[PDB]
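Following: one structure in structure tokens, then a few remarks.
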Amino acid sequence: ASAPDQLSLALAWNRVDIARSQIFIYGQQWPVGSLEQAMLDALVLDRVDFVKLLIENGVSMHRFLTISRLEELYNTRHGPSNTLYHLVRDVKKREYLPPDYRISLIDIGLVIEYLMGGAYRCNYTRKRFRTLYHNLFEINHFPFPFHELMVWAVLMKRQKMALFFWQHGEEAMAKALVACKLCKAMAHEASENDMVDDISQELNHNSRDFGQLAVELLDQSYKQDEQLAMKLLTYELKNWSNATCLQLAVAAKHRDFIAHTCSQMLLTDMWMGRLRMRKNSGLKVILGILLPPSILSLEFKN
Amino acid sequence: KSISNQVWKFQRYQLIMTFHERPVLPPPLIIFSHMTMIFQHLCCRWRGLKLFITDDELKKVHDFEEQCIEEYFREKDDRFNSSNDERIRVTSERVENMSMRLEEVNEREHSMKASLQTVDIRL
Amino acid sequence: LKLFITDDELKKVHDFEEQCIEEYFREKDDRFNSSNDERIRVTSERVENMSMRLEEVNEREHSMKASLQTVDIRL
Amino acid sequence: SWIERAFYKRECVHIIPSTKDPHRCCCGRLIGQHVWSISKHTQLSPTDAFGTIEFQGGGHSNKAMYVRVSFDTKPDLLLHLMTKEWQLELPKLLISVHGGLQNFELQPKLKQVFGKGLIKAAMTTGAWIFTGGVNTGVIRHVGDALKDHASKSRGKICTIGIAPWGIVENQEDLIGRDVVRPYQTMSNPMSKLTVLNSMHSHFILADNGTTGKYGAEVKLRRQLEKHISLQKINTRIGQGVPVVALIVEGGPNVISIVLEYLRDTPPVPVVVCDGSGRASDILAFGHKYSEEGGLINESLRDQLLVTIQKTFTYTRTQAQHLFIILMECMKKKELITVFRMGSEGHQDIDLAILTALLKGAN
């Protein structure tokens with residue numbers, strides 16, 4: 001066969017080294033679009049090693065992903081078992097029991113607000129691309145693809161793909177915190193449906209996984225440069241409900257994140273407002289309160 | 001003790017944000033500030049670590065994050081490849097390869113010994 | 001207090017301290033090279049170089065035995 | 001913003017000589033693709049393609065600065081761009097790597113040793129490595145070496161490639177004004193245009209007004225290397241930066257490049273390596289069988305002639321002319337350092353380059 005059907009057999013066999021050496025050889029020919037179709041067939045069957053291979057050749061997710069392509073990924077029925085049908089049934093029963101509704105981006109949206117919780121109005125409820133959903137069902141491409149492939153990977157319980165998608169892409173610690181809260185929320189929701197305890201324990205273990213990664217990357221950013229680590233903790237996550245990294249950490253209740261030293265000094269720096277004393281700080285704010293003219297001797301923040 | 005230090009450090013966040021939410025004036029005289037909030041709703045009806053950053057500064061913080069994440073994954077891989085377990089497993093498996101390949105060298109040299117002794121007889 | 005030592009004694013306490021510092025550094029070195037993990041490190045590095053050189057041995061011996069078969073053909 | 005105020009470029013408008021093909025002009029572009037003075041009548045304008053290029057795909061995501069320049073730009077202003085607005089400190093070593101423009105492959109142990117030694121020699125001093133830029137042959141090999149560098153060794157390598165502008169695929173995809181541009185590492189085998197290598201850091205993309213052809217980079221790279229070697233090193237003892245010419249394989253033109261490097265003030269040391277193929281092997285054969293420099297005998301001049309006629313497939317007079325070039329090259333035994341696999345060629349590319357600089361500065 002030619003390299004499309006060769007590669008289809010390779011994704012069938014799950015022996016990525018075979019594809020590494022023969023189907024991927026120096027000067028091998030591919031039809032225009034066969035790599036993208038094979039990439040679709042790879043991601044629907046949870047084939048992370050081959051995903052490494054295709055993305056190393058240059059499938060280039062920034063051009064691969066379209067609205068209908070993610071619509072195909074969220075609607076797959078193959079692969080290992082996932083509970084998205086149970087969750088979308090829960091949110092449609094809580095918002096408006098036949099199965100099989102051709103699961104929309106808007107439905108995935110409502111799942112994200114129910115699990116994430118709080119006032120996390122995600123991108124997938126916004127009326128803007130919903131108008132684009134009226135008007136189409138690189139404008140039809142997603143500007144930051146690996147975020148949406150994380151949220152697809154964490155809803156279909158891939159983990160192997162999740163970690164690989166946590167490799168590539170920007171806003172990493174944000175991705176880890178959202179993933180950790182999403183795993184913990186799916187665990188408690190699976191416990192609320194009286195489902196298997198094994199999948200609930202597994203989802204909780206995944207939540208400790210992404211939480212530990214978040215801690216380790218925060219500590220690493222502390223050791224490189226402290227000052228940019230504060231800015232990484234504070235900057236407005238417009239790609240995640242216009243939120244803040246510390247807000248996502250406390251929304252995920254993640255105990256070791258805030259108690260880490262950099263986060264504690266950021267909270268200390270917030271507590272002292274627009275001031276710069278710190279030294280014997282206790283015996284000075286009271287002097288400011290009782291005597292107003294003492295406010296002149298305080299060194300405010302520049 | 002250990003859990004309670006962790007929970008206190010975690011609850012500091014809610015403490016700071018609650019006192020950022022609370023008004024300027026203490027409760028015995030807070031009724032003035034409540035009245036001014038009603039006045040703010042009046043002038044609206046008549047007419048905080050969200051540190052917003054400009055675009056070159058977000059460019060800065062993203063490549064800094066990229067540097068930290070690649071340094072993380074390198075760090076953990078080189079701790080794995082330098083920790084003792086990997087050393088032991090790698091050493092033993094290539095000793096397996098030593099044994100079989102030098103076995104091939106030994107039997108081949110047996111053939112060479114027979115050939116060269118016969119050639120010495122032939123000269 | 002102090003003891004305000006004489007020169008001969010100053011020279012001997014200094015060369016005593018030189019014996020102490022040479023003993024310190026040579027105890028650090030031979031405890032570092034007798035700790036198990038450094039022994040495992042040098043074992044793996046040598047076995048690395050050993051396999052490369054033995055691969056060379058195998059290939060050269062291949063060519064040599066083919067040449068010896070040709071020499072037997074020439075006699 | 002200063003980059004547009006300092007650099008110029010020239011674009012081609014002309015009399016359309018079709019020659020071979022009706023669509024193919026003198027500049028190699030299409031018939032309607034328009035908008036030296038001889039038959040191309042090119043005209044001056046400011047530059048419209050400089051900035052950064054996020055290399056999408058190709059393993060690790062990396063960003064590389066690029067500018068478009070003219071062929072006849074003065075190398076001092078390129079150096080001021082290169083040091084000031086690219087934030088690169090002046091190095092202690094220039095490694096100019098030259099090789100065949102065709103794509104090749106050689107022995108895997110040789111290329112593994114070569115790649116590891118070259119990336120560690122680049123890492124241990126913070127060298128500036130001047131390559132051909134595009135993803136052909138030896139530049140593909142050093143790109144794989146830099147991939148190995150990015151996988152298993154800590155450093156950041158200033159690996160500044162100097163490439164033409166008309167040969168890179170998707171030239172319209174690289175039009176920008178201090179704008180981050182996407183790139184594809186996918187290279188179409190049906191198209192003769194070759195993509196840039198994905199493992200560089202800076203690019204000196206140079207246009208002479210033509211597209212699809214070479215020759216728009218050689219003299220500019222030469223005078224830039226000369227201009228950097230005019231600049232003194234920071235130790236201020238009375239010397240410039242040392243320059244080494246790494247040669248891997250190559251064809252007919254690299255012998256003339258070697259001859260330009262030998263007959264030159266100051267004498268640039270040239271390191272070559274055997275086992276890769278073609279011109280490096282005949283350079284190694286002319287170095288291993290040479291006696292007292294320029295005095296070479298007759299049996300081995302005929303052996304060199306028949307190996308030139310076999311490997312390079314020229315006639316007798318071209319083989320004799322290039323052997324005259326090798327004989328004129330090879331009078332200086334000392335500047336040529338031949339890294340041999342095994343033997344006494346210092347056993348490593350690092351010592352070869354470093355002591356080649358040490359005894360080429362002399």
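All of the numbers you see were taken from the coordinates with simple rules; none came from a lab. Because the Cβ atoms are built from the backbone with ideal geometry, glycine has one as well, and the counts that use them run over all protein chains shown.
Observations
- Cα pair count fraction exceeding 25 Å, expressed as % - the range D:166-291: 46
- The relative contact order of the range D:190-271 comes to 18 percent, based on Cα pairs under 8 Å that sit 6 or more residues apart.
- The string of couplings for the range D:322-338 from the Karplus curve (6.51, -1.76, 1.60, θ = phi - 60°) is 5, 6, 4, 5, 5, 5, 6, 5, 9, 5, 9, 5, 6, 6, 6, 10, 9 Hz, one whole number per residue in order, with x for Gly and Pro.
- Percent of Cα-Cα distances greater than 15 Å, calculated over the range D:272-362: 61
- Cβ neighbours within 10 Å from other chains - mean over C:32-40: 1
- In order through the range A:144-158: 3J(HN,Hα) via Karplus (6.51 cos²θ - 1.76 cosθ + 1.60), integer Hz, x for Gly, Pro: 10, x, 5, 5, 5, 6, 4, 6, 5, 5, 7, 6, 8, 6, 7
- FRET efficiency estimate (nearest 0.05) - Cβ-Cβ, residue A:261 to residue A:297, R0 41 angstrom: 0.85
- In whole angstrom, the range A:228-302 maps to an equivalent ellipsoid with semi-axes of 31, 14, 11, each derived as √(5λ) from the alpha carbon gyration tensor and ordered largest first.
- Evaluated at q = 0.11, 0.17 Å⁻¹, the base-10 log of the normalised Debye intensity for the range A:137-228, with identical point scatterers placed on the Cα atoms, takes the values -0.37, -0.76.
- Summarising the overall dimensions of the range A:111-183 from its C-alpha atoms, the Rg and Dmax are 13.1, 35 angstrom.
- Under the Debye formula (equal points on every Cα, no solvent term), log10 I(q)/I(0) of the range B:33-123 at q = 0.11 Å⁻¹: -0.76
- Taking the square roots of five times each eigenvalue of the Cα gyration tensor of the range A:183-234, the equivalent ellipsoid has semi-axes of 33, 10, 4 Å, listed largest first.
- The distance between label points at residue C:70 and residue A:133 comes to 7.5 nm (points 7 Å beyond Cα on the Cα→Cβ vector).
- Listed pairs A:175/A:284; A:127/A:181; D:219/D:359; A:279/B:1 exceeding 32 Å between Cα atoms: A:175/A:284
- Computed over every Cα-Cα pair of the range A:1-135 and binned at 5 Å starting from 0, the pair-distance distribution P(r) comes out as 2, 8, 16, 17, 16, 13, 10, 8, 6, 2, 1, 0 percent.
- Under 22 Å from residue B:113, Cα to Cα: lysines that are on another chain or at least 8 residues apart: C:65
- Scalar couplings 3J(HN,Hα) for the range A:233-244, obtained by applying the Karplus form with A = 6.51, B = -1.76, C = 1.60 to θ = phi - 60°, are 6, 10, 5, 6, 7, 5, 7, 10, 6, 6, 8, 9 Hz; x denotes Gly and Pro.
- Across peptide B:6-18, the average count of Cβ atoms from other chains found within 10 Å of a residue's Cβ is 5.
- Peptide A:56-64 is shielded by partner chain Cβ atoms: per residue, an average of 5 of them sit within 10 Å of its Cβ.
- Alpha-carbon centroids, the range B:67-94 and the range D:275-306: separation in whole Å: 47
- Of the trypsin sites (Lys or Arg not before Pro) found in the range A:156-238, the ones in coil according to DSSP and having at most 13 other Cβ atoms within 10 Å of their Cβ are A:238.
- Separation of the residue C:32 and residue D:35 label points, Cα + 7 Å toward Cβ, nm: 7.2
- If the Kirkwood radius is taken over C-alpha pairs of the range D:1-53, then at 20 °C and 1.002 mPa s the Stokes-Einstein diffusion coefficient equals 169 µm²/s.
- For the range A:140-179, the C-alpha radius of gyration sits at 1.05 times the compact-globule guess of 2.2 N^0.38 Å, with N the residue count.
- In the calculated pair-distance distribution of the protein assembly as shown, the portion above 48 angstrom amounts to 41 percent of the Cα-Cα pairs.
- Trypsin sites (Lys or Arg not before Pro) restricted to the range A:105-137 and DSSP loop, no more than 14 other C-beta within 10 Å: A:126
- When the convex hull of its Cα atoms is viewed from all sides, the range D:115-164 shows a mean projected area of 3.1 nm².
- Proximal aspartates and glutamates to residue D:92, defined as alpha-carbon separation beneath 14 angstrom and excluding residues fewer than eight positions away on the same chain: D:225
- Equivalent ellipsoid semi-axes - Cα gyration tensor, the range D:122-196, angstrom: 24, 15, 12
- Translational D in µm²/s for chain D (Stokes-Einstein at 10 °C, 1.306 mPa s, Kirkwood Rh from C-alpha pairs): 73
- Mean residue ellipticity (222 nm) of the protein assembly as shown, computed from DSSP H runs ≥ 4 via -39,500 (n - 2.57), nearest 500: -17500 deg cm²/dmol
- Rg/Rh ratio calculated on Cα atoms of chain A (Kirkwood radius): 1.07
- The range A:62-174: C-alpha gyration tensor shape, a/c 1.5 cut-off, then a/b vs b/c: rounded
- Amide N of the range A:220-262 lying under 19 Å from the label point, which is placed 7 angstrom from the Cα of residue B:11 along Cα→Cβ: A:250-260
- Applying a threshold of 21 Å to the alpha-carbon distances of A:157/B:50; D:288/D:333; D:111/D:147; B:76/D:147; A:157/D:152; D:63/D:84 flags A:157/B:50; A:157/D:152 as lying beyond it.
- For trypsin sites (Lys or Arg not before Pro), the sites in the range D:181-238 that DSSP calls loop and that have at most 13 other Cβ atoms within 10 Å are D:192, D:213, D:236.
- Residue C:42-residue A:192 pseudo-label distance in nm [points 7 Å out on the Cα-to-Cβ vector]: 6.3
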